[PDB]
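> my complex, first installment, coordinates as in the assembly:
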Amino acid sequence: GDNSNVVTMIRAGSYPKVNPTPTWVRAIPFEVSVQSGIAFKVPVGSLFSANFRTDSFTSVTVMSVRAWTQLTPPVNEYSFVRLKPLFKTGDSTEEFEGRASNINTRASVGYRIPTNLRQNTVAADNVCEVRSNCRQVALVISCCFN
Amino acid sequence: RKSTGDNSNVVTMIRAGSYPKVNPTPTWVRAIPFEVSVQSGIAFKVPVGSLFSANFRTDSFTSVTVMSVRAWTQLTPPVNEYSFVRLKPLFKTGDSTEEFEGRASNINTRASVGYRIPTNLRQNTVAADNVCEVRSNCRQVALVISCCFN
């Protein structure tokens, strides 16, 4: 073990259980385009792509969403970003907002989904609404692909 | 061995007794964020009515017990200057003459400052009242007020 320098025999037993398409817990980074004064609905379909090795999945259980302002804010302003979680059983009305204390620095915020509200979502569904004075917002979402 | 049980999967029955004491419109401790417009060299009185709003779920209240006030500069300062902000607490029994000032050591960084109201001065304030005066070289200031709505 860890000191061997050649191949060694494994005394395997019966054929085991198998699963060629298991689950995967991931953190998916991507960006969205946002306009001023309007809220953008983040689609779940942005997670199922070949760029994330997840084009083979058709459902996902989201756990937490984190957002950063990807582009600079308007002139004389500080960056901010808001998040309103969305659920098929009932959308929420929260506005988890974080503002940058430096014009040159991003504005970050996030929210964690409780265990009772951690069901599956499909590409047609939406995660949350994003609001910002910046034009582009980078998102990092922790979730469990299944 | 047999004593593992706090994860329920089905509905359980609640053996309730007499009718309890209820209150459909209780109090609420909050941290209300909002912004105000500020002019150069001119002090702006922050109205308490800014706290009662549907944008804060507080439009149903008519009075509030303010505990502490914090302020951040919301826009950039003038050219060559660092951001600053001042606060002067106001009270219906007698306004204060303190100017708690917090400046910015970085021109690109907000200027922050705040004050805490003592227990002896934590009374209700209606919308017509004012919380404090705000002075800043920036044209807009952001506030976060820890208050108890009732």
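Structure's in. What do you need? Residues are numbered from 1 along each chain as shown, chains lettered A, B, ... in the order given.

> got a list of what the nearest residue to residue A:105 once chain neighbours are set aside touches?
Nearest non-adjacent residue to residue A:105, counting by C-beta to C-beta, 6 or more residues apart in numbering or on different chains: residue A:79, 7.3 Å away. (Each C-beta comes from the backbone N, C-alpha and C, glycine too.) With contact taken as C-beta atoms under 8 Å, 6 or more residues apart in numbering or on different chains, residue A:79 is in contact with A:69, A:72-73, A:99-100, A:103, A:105-107, A:132-134.

> the same query, at a cut-off of 6 Å, please.
By C-beta atoms under 6 Å, 6 or more residues apart in numbering or on different chains, the residues touching residue A:79 are A:69, A:73, A:100, A:107, A:134.

> repeat for residue A:64
The contact partners of residue A:64, taken as C-beta under 6 Å, 6+ apart, are A:112, A:142.

> please name the bridge partners of it.
residue A:112, residue A:142 (DSSP bridges).

> quick one: name the residues of chain A near chain B.
A:76, A:101-104 (C-beta under 6 Å from any C-beta of the partner chain).

> turn the residues you listed into a markdown table, columns for distance to residue A:22.
Output for the residues of chain A next to chain B, formatted as a markdown table (distance: C-beta to C-beta, whole Å):
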| residue | distance to residue A:22 |
| --- | --- |
| A:76 | 51 |
| A:101 | 43 |
| A:102 | 43 |
| A:103 | 45 |
| A:104 | 43 |
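
> and the residues you listed, which of them are buried?
A:101, A:103 (16 or more other C-beta atoms under 10 Å in any protein chain shown).

> in CSV, list the residues of chain A next to chain B along with distance to residue A:85 and secondary structure.
Converted to CSV, these look like this (distance: C-beta to C-beta, whole Å; DSSP: H, G, I helix; E, B strand; the rest coil):
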residue, distance to residue A:85, secondary structure
A:76, 31, coil
A:101, 25, coil
A:102, 27, strand
A:103, 28, coil
A:104, 29, coil
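
> can you slot in chain C too:
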Amino acid sequence: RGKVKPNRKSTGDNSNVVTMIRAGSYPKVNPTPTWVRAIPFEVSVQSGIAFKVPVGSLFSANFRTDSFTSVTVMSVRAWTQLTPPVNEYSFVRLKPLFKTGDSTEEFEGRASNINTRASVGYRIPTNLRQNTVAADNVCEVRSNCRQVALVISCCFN
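Let me add chain C to what's already shown:
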């Protein structure tokens, strides 16, 4: 024992004169040994295309590593060397490359301040630490900045 040949080594660890070394048989020597190094050099990237970092950049007279023809890379760290495009924050991606098979990871770091560099690195496992000659590549660098700084921890042999 015996008596003295006066080499005045005062208090052992504090002599001010040359002292005789009682040498013995000729030892094992190596005029060209190995050298574990952290080599700082810059590579240039275009906005939207990848750039393969040649291993030959490590061997140079600017690094004293000019007598080597092979090197074992341990870990690669990257920093954006130039400012990002307007309105944008800095970012840098690293995709490890190996002769036995290129990888597909994109270890990315993004600067939260437009004036600050974006940094990210990756460590090569022990089972993949073989030699790489000048004709080989280390990794693929992507960035919105025109130049990326690299500090490669490696062993020259």
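
> take the contacts of residue A:79 again, chain C included.
The contact partners of residue A:79, taken as C-beta under 6 Å, 6+ apart, are A:69, A:73, A:100, A:107, A:134.

> burial of the closest residue to residue A:42 other than its chain neighbours, as a residue count?
Closest residue in space to residue A:42, ignoring its immediate chain neighbours: residue A:127 at 4.4 Å, by C-beta to C-beta, 6+ apart. A count of neighbours around residue A:127, defined by other C-beta atoms under 10 Å in any protein chain shown, yields 24.

> and residue A:127, how far is that from chain C?
According to C-beta to the nearest C-beta, to the nearest Å, residue A:127 and chain C sit 21 Å apart.

> follow-up on the earlier one: identify the farthest-apart pair in the contacts of residue A:79.
Using C-beta to C-beta, the contacts of residue A:79 reach their maximum pairwise distance at A:100 and A:134, which is 9.8 Å.

> now do the contacts for residue A:125.
Contacts for residue A:125 were tallied using C-beta under 6 Å, 6+ apart; they are residue A:44.

> let's see it at 8 Å
A:43-44, A:86, A:88.

> got the residues you listed as CSV, with neighbour count columns?
Listed next are the contacts of residue A:125 as CSV, based on neighbours: other C-beta atoms under 10 Å in any protein chain shown:
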residue, neighbour count
A:43, 16
A:44, 20
A:86, 17
A:88, 12
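
> one step back: residues touching the residue nearest to residue A:42, list them.
Applying C-beta under 8 Å, 6+ apart, one finds that residue A:127 lies in contact with A:42-44, A:62, A:65, A:85-86, A:121, A:141.

> how much space separates it from chain B?
Residue A:127 is 23 Å from chain B, by C-beta to the nearest C-beta.

> near chain C, which of the contacts of residue A:125 show up?
Applying C-beta under 8 Å from any C-beta of the partner chain, the subset of the contacts of residue A:125 adjacent to chain C is empty.

> chain D follows; place it on the structure:
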Amino acid sequence: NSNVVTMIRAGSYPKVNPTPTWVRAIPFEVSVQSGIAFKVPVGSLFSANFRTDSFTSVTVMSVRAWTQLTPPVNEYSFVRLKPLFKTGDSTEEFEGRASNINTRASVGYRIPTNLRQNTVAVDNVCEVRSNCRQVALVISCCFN
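With chain D added, the chains above now look like this:
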């Protein structure tokens, strides 16, 4: 101990392998000239004189050298070893000199775990330099 045969209560047919591996130290000689390096081939390890004519690959761990013949007149024996690798040859020259003219010169080097891959007969182990006409080599390897 015993004096007669005993019964073994065997069970299922175990995992077998008619051609296993073998960790060895292979002693063989090479011819070296003055001022020129000799690339020791890995094919020298595979031979019927070492019970390794059935192996096609091997994993070298450490290499040791000894001057097999007397040095030139007025000189002391020395021997150099430059490790060679398919992913990239080295430039080290691990050298050992003899302090007595009538005594061998000994030197050796160890291959790290990260460089211990298989080498076929076409490959080379190391370059051997010596002022002596022959060098004795004892190579600790793992035949597979």
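
> revisit the nearest residue to residue A:105 given that chain D is now included?
residue C:113 (4.9 Å).

> distance of that neighbour from chain D?
For residue C:113, the distance to chain D - C-beta to the nearest C-beta - is 39 Å.

> put the alpha carbons of stretch A:46-53 into CSV.
C-alpha atoms of stretch A:46-53 as CSV (Å, rounded to 0.1, in the frame of the first residue of the first chain):
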residue,chain,number,x,y,z
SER,A,46,-28.0,27.4,-17.3
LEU,A,47,-26.6,24.6,-15.2
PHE,A,48,-27.2,21.8,-17.8
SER,A,49,-24.4,22.4,-20.3
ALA,A,50,-21.3,20.6,-21.7
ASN,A,51,-19.2,23.5,-20.3
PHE,A,52,-19.9,22.1,-16.8
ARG,A,53,-19.8,18.4,-17.6
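
> chain center to that stretch: distance?
11 Å (C-alpha atoms, centre = their mean, to the nearest Å).

> identify the residues contacting it?
Residues contacting stretch A:46-53 (C-beta under 8 Å, 6+ apart): A:26, A:28, A:30, A:32, A:54-55, A:57-58, A:60, A:123, A:141, A:143, A:145.

> buried sites along it?
Neighbour-count burial for stretch A:46-53, counted by 16+ other C-beta under 10 Å, picks out A:46-48, A:52.

> same deal with stretch A:123-140?
Under the neighbour-count criterion of 16+ other C-beta under 10 Å, stretch A:123-140 has A:125-139 buried.

> same thing with stretch A:88-101?
For stretch A:88-101, by 16+ other C-beta under 10 Å, it's A:96, A:98-101.

> what does stretch A:69-78 give?
A:69-73, A:77-78.

> give me the residues contacting it.
Contact with stretch A:69-78 is made by A:31, A:36, A:79-81, A:99-104, A:106-108, A:132-138, B:74-76, B:110, B:139, C:86-89, C:114, as judged by C-beta under 8 Å, 6+ apart.
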